[PDB]
Peer 1: 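What follows is a structure written as structure tokens; I'll ask about it next.
Chain letters run A, B, ... following the sequence lines, proteins first and then strands; every chain starts at 1.
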Amino acid sequence: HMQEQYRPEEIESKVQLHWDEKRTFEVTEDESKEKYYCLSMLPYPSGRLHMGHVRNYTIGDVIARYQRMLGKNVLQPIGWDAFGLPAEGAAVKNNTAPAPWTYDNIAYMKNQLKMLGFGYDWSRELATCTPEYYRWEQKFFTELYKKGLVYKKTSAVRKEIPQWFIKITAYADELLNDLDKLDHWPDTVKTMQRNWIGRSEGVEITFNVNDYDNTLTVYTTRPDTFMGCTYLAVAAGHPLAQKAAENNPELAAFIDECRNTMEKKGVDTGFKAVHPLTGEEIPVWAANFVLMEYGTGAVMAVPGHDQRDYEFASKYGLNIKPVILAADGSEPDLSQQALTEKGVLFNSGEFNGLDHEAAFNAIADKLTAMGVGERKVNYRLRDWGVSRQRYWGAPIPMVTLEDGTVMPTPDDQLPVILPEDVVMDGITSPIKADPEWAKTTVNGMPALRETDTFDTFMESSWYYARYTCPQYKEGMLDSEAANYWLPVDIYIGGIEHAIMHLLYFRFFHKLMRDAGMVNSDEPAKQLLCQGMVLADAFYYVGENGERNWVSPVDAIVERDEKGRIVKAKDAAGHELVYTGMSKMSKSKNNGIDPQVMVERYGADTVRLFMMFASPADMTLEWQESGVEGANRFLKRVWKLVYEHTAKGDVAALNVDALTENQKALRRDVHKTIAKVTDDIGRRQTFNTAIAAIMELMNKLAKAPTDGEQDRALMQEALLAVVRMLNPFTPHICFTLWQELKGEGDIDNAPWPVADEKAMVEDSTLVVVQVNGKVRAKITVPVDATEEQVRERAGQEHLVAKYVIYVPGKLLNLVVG
RNA sequence: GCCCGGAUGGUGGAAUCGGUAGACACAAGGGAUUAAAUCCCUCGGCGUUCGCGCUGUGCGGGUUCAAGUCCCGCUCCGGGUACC
Ligand SMILES: *P([O])(=O)O[C][C]1O[C](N2[C]=NC3=C([N])N=[C]N=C32)[C]2O[B@]3(O[C]12)O[C]([C][N])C1=C(Br)[C]=[C]C(O[C][C][C]N([C])[C]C2=[C][C]=[C][C]=[C]2)=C13
């Protein structure tokens, strides 16, 4: 009783309900099956899904459904990165609280994800704003504090705000070195992490300052140039600069100008530091290019060999000394710029003649012996600031006794619950505004608990591991369950997370490994960064000179003979400027609502277009015509199955009794199976895999369907096609598999395997070239020798008119 | 300015660690059909006797029998970034 028309509104919600009733995608830690952990970055509950979520999650679902078909035990989890700033403002504007707003958004977006047919294990679903989740990061933060990895300090955000830090710098070498294990991670992401880590090898040099109580220590990556140091430079916010700023209004003004935010700017402090090797006095200047946060907040200036110092000394008349020769051993030309390149020393006394590595070592060694030097490794990577002065976050489990002592919240008081029934005044966090909230009792003593909450990247740093044991009440992780599934096989997300989430979850993994929780070094094997979804963008210039962005749907376009947009207007008469394909946005007004598209064409059409239009890691250009083309293709697949099943049951296929035509058509079915298998599994080229299925569908629509063996071959092809399309379009394929009388549910059906005997080509095509230009195309047996292929090539008349040989492919003959 | 990318028909894209350039789809133009929609052929440019011939992967070069693919440049494009 198959329907003639393909109507997704009659197929999809029934097929989705079936997946919920049968718990089809719910998995456990089954040791008899090879596991596969396919993860996609968890969504933030903003209210509605965007095309970027649809692309990310379709990619993940294609892999999870295919890996299942190969007989693997697949974990495809989903959850909600539910804490965050956008709930705080939306609660105020909508006269509600961040919690019911978030839970309403989770419920609406969850329905949207189900309407897309993503095969998630919904029993492992998590909301990171529930105490059942954040209680484990609170307990883990108390353990890190006891391990010496957590400290508090006032840092600059400009306001100096006291913050909680986790020492990520204690793991920097490992984060850096373990990038060489990440062969299935993109080079871009790895480069961004190497650069963001910024490992640096140098020397700390300490100086004595005349009429100043403390010493002054600088950090240098070029100690070889120490004899060409003519002055020192400190940050504006540096202690020495602030001491001198009292008897200096010129310096006091500069420090304030710096605080109230590539040109150089500086004021001489008036302090004189003594060069440890010459005993000479050099001035100490306050500089704008020196960061207080990096190293010691002070540098040694060698204007002759550092370009920042060159421009600083040239502007302020400071001394520029040459101490490094140019590559050819000649003295450098410092009249226009600094000599940056590393080389042999001169004007360096006992250090003359030493090459770069020898000069670096000898000067570092000499100073180290004198007590005024020591090698130091610094990192651009700053410690992880994890606290926020915001309400909608997980409470920090730290307390301050009346004693003045600071300690973690005791285990028997965990979790520190964030109250959800609150009224937001927009100005202050309800847990800060109510003075009684922070008043607690710890170790029998009155205490004030932390009112700052964790930043949301704390919950996203370990969610991937919590999906392995989401209802485990005895700890953060069940090591047995975690190690069964971890590391993640493929993590699908965006490159925009390279140096934030993609680095924090690597660090968090190692902390868990070092706590005994996991037995692996890295959280994810392969990282697949999907590209942005693009849409056309138009704007008109208003009478006031303002740009008003118009949605492409609202643009009436005029095209040339070659279909390119030549002129465009809107229904109001405004002349539109087409800007091309760009990132979807609210500023550009060109966003496409995936819910509008799923209701218009069905989830399978939307799913298939996004996998077909472009390679997963490249940008996708949203085109209405391309989505309609995908819709038409699914209707052609439906039509071929409708007509085939309308002819009743089929006979058993006999490969031994096949016609020359019937065998060649079967060979194309099996060669397609092999290509689609390699494109989805090994290459991850879903577009070429869908193209191969479309090419085969074109052939099947031309094949005869009258005759026992024609109908039996068509049965083998339609059962294979429906299974190959299933990861992309699971709802239509679930239904078509039932119409074709396939065994069980297509979700539990095996992935089609190519019959090696069906793909034995008895002959091959040899392109015959003479001087590289193709002149002939011949057909020779696959078992033929080179002599047989050359004799047959010579027999061709056009070849005869006019020696490299590739078996079964090419034969080129250079003209002599 | 720096870093890392990228450049193939009218468009998205294919050609998988050199060997038939443009698969597959969209757009367009013919065909069936009483406008839309769907189905069926044609389709890089130029020339053509309509058979095809010549050329063609941003621009120059190099290795090679052979380069879209590998290497060095120049131009244009894109994302990221801020004296560490
Ligand atoms: P990092 O490690 O990288 O760096 C270091 C350096 O820098 C400086 N500093 C220090 N500290 C500081 C702060 N705080 N801020 C700012 N800055 C700073 C110093 O300087 B040096 O080293 C160090 O020393 C010397 C004298 N000035 C020198 C020279 Br003679 C030369 C050079 C230098 O430095 C530079 C480096 C930077 N960068 C890395 C560069 C580059 C970039 C890109 C490309 C290439 C290169 C110095």
Peer 1: Does the side chain of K72(A) pick up a donor-acceptor pair with the side chain of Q67(A) at under 3.5 Å?
Peer 2: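 Per modelled atom types, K72(A) and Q67(A) side chains form a pair under 3.5 Å.
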
Peer 1: Flag the pair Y463(A) / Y467(A) as yes when their ring centroid distance falls below 6.0 Å, and as no otherwise.
Peer 2: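 Under 6.0 Å, so yes.
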
Peer 1: Going by the rule side-chain contact (heavy atoms from CB on, under 4.5 Å), which residues pair with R48(A) if we only count those two or more places apart in sequence or in a different chain?
Peer 2: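 For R48(A) the side-chain contact (heavy atoms from CB on, under 4.5 Å) partners, ignoring immediate neighbours, are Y108(A), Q112(A), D593(A), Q595(A).
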
Peer 1: Taking ring pair (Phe, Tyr, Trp, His ring centres under 6.0 Å) as the test, write out the residues that go with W384(A), two or more places apart.
Peer 2: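 Here the qualifying residues are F457(A), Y504(A), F507(A).
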
Peer 1: Going through the checks in order, is the salt bridge (charged side-chain N to carboxylate O under 4.0 Å, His left out) test met by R124(A) and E29(A)?
Peer 2: CA-CA 13 Å; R124(A) 306 178 172 259; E29(A) 295 64 66; 2.8 Å; yes

Peer 1: Quick one, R607(A) with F728(A), criterion side chain to side chain contact (heavy atoms under 4.5 Å, CB included). Give me CA distance, side-chain angles, the key distance, then yes/no.
Peer 2: CA-CA 6 Å; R607(A) 277 174 69 121; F728(A) 309 97; 5.8 Å; no

Peer 1: Does atom CD of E201(A) have more than 12 heavy-atom neighbours from other groups under 6.0 Å away?
Peer 2: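 Atom CD in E201(A) is not crowded, with 12 or fewer foreign heavy atoms closer than 6.0 Å.
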
Peer 1: Do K35(A) and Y484(A) meet the cation-pi criteria used here (NZ or CZ under 6.0 Å from the six-membered ring centre, within 45° of the axis)?
Peer 2: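 Geometry flag: not set, cation outside 6.0 Å or 45°.
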
Peer 1: Tell me if the NZ atom of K110(A) is crowded by more than 12 foreign heavy atoms within 6.0 Å.
Peer 2: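 Enclosed.
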
Peer 1: Could you check, using the six-membered ring where one of them is a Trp, whether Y464(A) and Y491(A) have ring centers closer than 6.0 angstrom?
Peer 2: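 No, ring centres 6.0 Å or more apart.
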
Peer 1: Considering residues at least two apart in sequence or located in another chain, which fulfil the salt bridge (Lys or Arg N to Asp or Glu O under 4.0 Å) criterion with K33(A)?
Peer 2: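 Salt bridge (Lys or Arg N to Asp or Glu O under 4.0 Å) list for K33(A), sorted by chain: empty.
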
Peer 1: Less than 3.5 Å apart, any donor N or O on the side chain of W164(A) or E450(A) sitting next to an acceptor on the other?
Peer 2: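 Per modelled atom types, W164(A) and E450(A) side chains form a pair under 3.5 Å.
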
Peer 1: Can you find a side-chain donor-acceptor pair between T677(A) and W751(A) that sits under 3.5 Å?
Peer 2: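 A donor-acceptor contact under 3.5 Å links the two side chains.
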
Peer 1: Judged by modelled atom types alone, do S40(A) and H53(A) share a side-chain donor-acceptor pair under 3.5 Å?
Peer 2: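 No.
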
Peer 1: Of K22(A), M69(A), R65(A), which is the lone residue that meets side chain to side chain contact (heavy atoms under 4.5 Å, CB included) with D747(A)?
Peer 2: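 Exactly one pass, corresponding to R65(A).
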
Peer 1: Assess, by modelled atom type and distance only, whether the side chains of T28(A) and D30(A) contain a donor and an acceptor separated by less than 3.5 Å.
Peer 2: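 Judged by distance alone, the side chains do not pair up.
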
Peer 1: With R68(A) as reference, evaluate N73(A), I63(A), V27(A) under the side chain to side chain contact (heavy atoms under 4.5 Å, CB included) test and give the passing residue.
Peer 2: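 Testing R68(A) for a side chain to side chain contact (heavy atoms under 4.5 Å, CB included) against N73(A), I63(A), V27(A) leaves exactly one candidate, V27(A).
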
Peer 1: Are the aromatic rings of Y134(A) and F454(A) close, with centres under 6.0 Å apart?
Peer 2: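 Centroid distance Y134(A)-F454(A): not below 6.0 Å, so no.
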
Peer 1: For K152(A) and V406(A): C-alpha separation, side-chain torsions, deciding distance, then whether side chain to side chain contact (heavy atoms under 4.5 Å, CB included) applies.
Peer 2: CA-CA 10 Å; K152(A) 177 133 181 175; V406(A) 172; over 6 Å; no

